[PDB]
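>>> With the input below, show me the fold.
(5 chains, ligands or ions: 3)
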Amino acid sequence: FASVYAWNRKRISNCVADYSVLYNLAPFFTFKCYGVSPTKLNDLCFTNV
Amino acid sequence: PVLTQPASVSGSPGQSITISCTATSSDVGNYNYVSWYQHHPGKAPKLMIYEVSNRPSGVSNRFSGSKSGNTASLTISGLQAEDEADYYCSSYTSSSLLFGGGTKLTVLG
Amino acid sequence: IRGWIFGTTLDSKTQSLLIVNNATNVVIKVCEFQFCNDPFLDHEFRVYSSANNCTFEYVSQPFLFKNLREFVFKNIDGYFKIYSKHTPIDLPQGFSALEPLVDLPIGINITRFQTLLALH
Amino acid sequence: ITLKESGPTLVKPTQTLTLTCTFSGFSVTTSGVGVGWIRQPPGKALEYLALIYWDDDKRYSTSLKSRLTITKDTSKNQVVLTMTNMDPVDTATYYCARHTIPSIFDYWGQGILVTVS
Amino acid sequence: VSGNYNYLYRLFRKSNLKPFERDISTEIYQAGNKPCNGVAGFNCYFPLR
Ligand SMILES: *[C@@H]1O[C@H](CO)[C@@H](O)[C@H](O)[C@H]1NC(C)=O
Ligand SMILES: *[C@@H]1O[C@H](CO)[C@@H](O)[C@H](O)[C@H]1NC(C)=O
Ligand SMILES: *[C@@H]1O[C@H](CO)[C@@H](O)[C@H](O)[C@H]1NC(C)=O
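Numbers count the residues shown, from 1 in each chain, chains lettered A, B, ... in the order given. Ligands and ions are numbered 1, 2, ... in the order given. Please find the structure below.
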């Protein structure tokens, strides 16, 4: 992972946004969503991610 | 997160005096609730203008104001010798309300 | 028989509709009722032990050879509609139409119901 | 629509200052109306201290949040502000004023001068 | 001044409401396949915000 002063970024496109895959990363500490419900993530489709 | 004002203003009676107050932060948001007070030594502060340009009752029509961007201005028309007071601005921020530094008005003659 | 309970889980988790008749007026309440294990009246009553939040409340004229009574309970868009007919008397063969009685603006989810009997 | 202030004018260092504001002509139990406190140390601009609303919601200046406590008694039309650990530098005139949204403070009282020594 | 928090709205629900339906329940919402039993951890939310 990159340092915070020089954070990295990757463009996501042309894929299926399955968010259950990344729910096996940790016991979980911080998980917050803005403008979108945690329940509608596996539903909505975005132009630029 | 500080309201900035001029230290003082001056002019002759009958002339127009402008007292400015400018925000130095985005914390003010809409900056649509700007109040102005007239403070005479030994007396309680009086509200002259509220919500940017409105007058309270008991206030002379010589006092008015307006906003441009994130800066507000108080206009004192027909300056009187009785207008010598410390003028203050006040507005809301994200977790508090602020008062300005205070501008000292002097009437020349 | 002298009333009905309408609701879902029929406990103090959701709102329930309680309709109980009387010798005088009928009392209708919608509250988060905690209903009795086996609701009945005793002539006082043992229908519910407690209730939390109440919204709708209504009191008016009673809904009630042997007598025969017919009711239709319909629930559309939050409005609980009751139709009824009373005649002198399994079921008789013949034709008789029921007519509107009350229309209750509740906004309640009903999936199950139970009757209320008076014991003596 | 008036507000009067009373309390100690001389406080010793590290002690607690208690000021009581008594108001009349209006109620503080009405929506949109509260009562707050402001102070003005010599040569300085007005400083916000504390504000209590009609529903007993209590808000404080971020720099004095740990030092101020504000309470009210709606049966006597009184509001009380207490400030702990008074510093020698905490010399100012304190003011009680009515709080509203479209206009921040109005109907300011004459104020009480408090000196720490 | 610091935010009015006395007004609540529902963000999490099992399904959608019918016309003029009212639901006052504050039962904790389970977003996953495990009984959180009121413990607001991962996939367990308080309905109102
Ligand atoms: C009917 O029940 C109500 C209580 O819900 C009571 O106040 C009323 O007096 C009763 N009427 C008769 C005729 O018993
Ligand atoms: C009624 O509902 C409100 C809001 O959820 C709740 O605070 C109150 O405690 C409930 N009443 C009872 C008796 O539980
Ligand atoms: C009542 O709520 C349950 C969920 O507990 C739902 O399955 C049912 O369809 C609802 N019924 C009505 C009429 O809304």
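>>> Which strand or helix spans the residue sitting nearest the centre point of chain A?
The centre of chain A sits closest to residue A:19, judged by Cα atoms, centre = their mean, with a distance of 7.2 Å. Using DSSP states H and E, residue A:19 sits within no helix or strand.
>>> From residue A:41, how far out is it?
Distance, residue A:19 to residue A:41, using Cβ to Cβ, to the nearest Å: 5 Å. Using the backbone N, CA and C atoms, a C-beta is placed for each residue, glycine as well.
>>> residues touching residue B:97, list them.
Residues near residue B:97 by Cβ atoms under 8 Å, 6 or more residues apart in numbering or on different chains: B:90, B:91, D:48, D:104, E:1.
>>> Recalculate using a threshold of 10 Å.
B:33, B:35, B:90-91, D:36, D:38, D:48, D:51, D:59, D:61, D:99, D:104-105, E:1-2 (Cβ atoms under 10 Å, 6 or more residues apart in numbering or on different chains).
>>> in chain C, what residue is nearest chain B?
residue C:53 (34.2 Å; Cβ to the nearest Cβ).
>>> Chain neighbours aside, what residue packs nearest to that residue?
Closest residue to residue C:53 apart from its sequence neighbours, by Cβ to Cβ, 6 or more residues apart in numbering or on different chains: residue C:32 at 4.9 Å.
>>> part of a helix, is that neighbour?
No - secondary structure of residue C:32 (DSSP: H, G, I helix; E, B strand; the rest coil): strand, not part of a helix.
>>> surely residue D:86 meets residue D:13?
Yes - counting by Cβ atoms under 10 Å, residue D:86 touches residue D:13, with 6.5 Å between them.
>>> Count the neighbours of the closest residue to chain C within chain D for me.
Chain C sits closest to residue D:55 of chain D, with a gap of 20.6 Å, by Cβ to the nearest Cβ. For residue D:55, the count of nearby residues is 11 (other Cβ atoms under 10 Å in any protein chain shown).
>>> And it, how close does it get to residue E:5?
11 Å.
>>> Which residues in stretch C:96-112 does the neighbour count mark as buried?
For stretch C:96-112, the buried set under the neighbour-count rule, 16 or more other Cβ atoms under 10 Å in any protein chain shown, comprises C:101, C:102, C:104, C:106, C:107, C:108, C:109.
>>> element containing the closest residue to residue D:72 other than its chain neighbours, please.
Closest residue to residue D:72 apart from its sequence neighbours, by Cβ to Cβ, 6+ apart: residue D:79 at 4.8 Å. In this structure, residue D:79 sits in strand D:78-83 according to DSSP H and E.
>>> Tell me which helix or strand comes right after that strand.
strand D:92-99.
>>> any shared contact partners between residue D:86 and residue D:13?
Joint contacts of residue D:86 and residue D:13 (Cβ under 10 Å, 6+ apart) are D:116, D:117.
>>> Comparing those two, which residue is more hemmed in?
Applying other Cβ under 10 Å to residue D:86 and residue D:13 shows that residue D:86 carries more neighbours, namely 21 against 11.
>>> Any residues of chain D in contact with chain C? List them.
Counting by Cβ under 10 Å from any Cβ of the partner chain, chain D comes close to chain C at no residue.
>>> My error: substitute chain E in the last question.
So chain E meets chain C at E:17, E:18, E:19, E:20, E:21, E:22, E:23, E:24, E:25, E:26, E:27 (Cβ under 10 Å from any Cβ).
>>> re the thing from before, put the alpha carbons of the strand holding residue D:79 into PDB.
Below are the C-alpha coordinates for strand D:78-83, written out as PDB (Å, rounded to 0.1, in the frame of the first residue of the first chain):
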ATOM      1  CA  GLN D  78     -34.000  31.900  35.100                       C
ATOM      2  CA  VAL D  79     -30.900  30.700  33.300                       C
ATOM      3  CA  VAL D  80     -27.700  29.900  35.200                       C
ATOM      4  CA  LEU D  81     -24.100  29.600  33.800                       C
ATOM      5  CA  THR D  82     -21.200  28.300  35.800                       C
ATOM      6  CA  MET D  83     -17.600  28.600  34.800                       C
END
